[PDB]
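Quick heads-up: the structure tokens below are two forms of one chain, split into structure 1 and structure 2.
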Structure 1
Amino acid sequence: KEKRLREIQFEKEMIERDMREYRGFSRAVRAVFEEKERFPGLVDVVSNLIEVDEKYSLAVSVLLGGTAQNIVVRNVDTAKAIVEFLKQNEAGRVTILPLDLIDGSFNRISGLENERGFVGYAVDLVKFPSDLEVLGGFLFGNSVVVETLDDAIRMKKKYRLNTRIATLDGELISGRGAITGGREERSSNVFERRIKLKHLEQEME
């Protein structure tokens, strides 16, 4: 019974480490964070600022793609600073999302909810700390979830706009028409490591 905690503890935090050390991310994202002092305008990587329910955990994840490890910053200067820092030490590339530059606009369409296989707006599966509301409109708000890739293709042809669409199976159709899909073993569920803690944390309660 005590070994039961010895076994919990050794991960309910042995994992907090990989987190507070960004193990899944690129050499580059890492280099940038161990020098986090040089960048006061730095905030955090996307996957640490989004609140999604343990449920559609895997949902959102797909709509994001590698955007999970985009670095959010307060302003463009911090961005320039990082781009310069990396460019010097040839530490690799990264994608920065400056809060004072990204577009957060997004539109709702009437009757969409009454379309074949609809399933709700992506924005409805996430929460943001207000001072990050744009980051929300930028990452979602223009995305929609449907049932099947066929529903997706149909929809994308009818409205033929620039709306992102994710199927329940995990496919994605970019605003311009690119179809991303397929499966693997690594699961690649960006929010996993965190969910494995929304558990391990209160699990050992």
Structure 2
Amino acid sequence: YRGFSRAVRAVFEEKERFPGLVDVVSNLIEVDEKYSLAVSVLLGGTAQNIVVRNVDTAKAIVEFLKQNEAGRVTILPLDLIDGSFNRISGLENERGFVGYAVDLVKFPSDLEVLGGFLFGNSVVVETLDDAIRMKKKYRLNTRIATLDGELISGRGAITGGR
């Protein structure tokens, strides 16, 4: 169920009320179908984040949602988000290395900061084995996704059990 939450729906229903509103992340991303599964898992729920021009628009949306109890949303003000990231020396030499997710996705020129913010130094590789191997060789805490849509990360704490 990937439909927009009712909070997001509510915001755009009265988009006029917010001039600095740009769009939801999913509608701004441009990527080749080949990388769609990997990019999608890297994005996760941030696909529904609301991109706005400035903090005032963000504030206006929050106040709006608050007084209408229409739910919660996550907003990315272009003037506030940090899109900085550092590539990891040597990863490009790894077997199965496809590329940094930021290099596999395009946004309209004036929104380049989004790539950096959304993907940081996340990496895309051909297969899970490549992912596991890379994470070990470089003790990466960075997120790594496969062309199949699988994802691994620095992992916060020990999880599992099933």
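Structure 1's sequence is the ruler for residue numbers, which start at 1. Rigid core here is just the name for the largest C-alpha set that superposes within 1.5 Å across the two forms.
Which of 171, 35, 53, 44 has its C-alpha displaced by 2 Å or more between the two structures after core superposition? Comparing the C-alpha positions, the one residue that moves 2 Å or more is 171.
Core-aligned CA displacement of residue 132 at least 2 Å between the two structures: No, because once the rigid core is superposed, the C-alpha of residue 132 moves less than 2 Å between the two structures.
Given a core-based superposition, decide whether the C-alpha of residue 67 shifts by 2 Å or more between the two structures. Moves: no, less than 2 Å.
Does residue 77 count as moved between the two structures, where moved means a C-alpha shift of 2 angstroms or more after fitting the rigid core? Shift at residue 77: below 2 Å after core fit.
What is the C-alpha shift for residue 108 between the two structures, rigid core superposed, to one decimal in Å? For residue 108, the alpha-carbon shift amounts to 1.2 Å.
After aligning on the rigid core, report the distance the C-alpha of residue 146 travels between the two structures, in angstrom. Rounded to one decimal, the shift is 3.7 Å.
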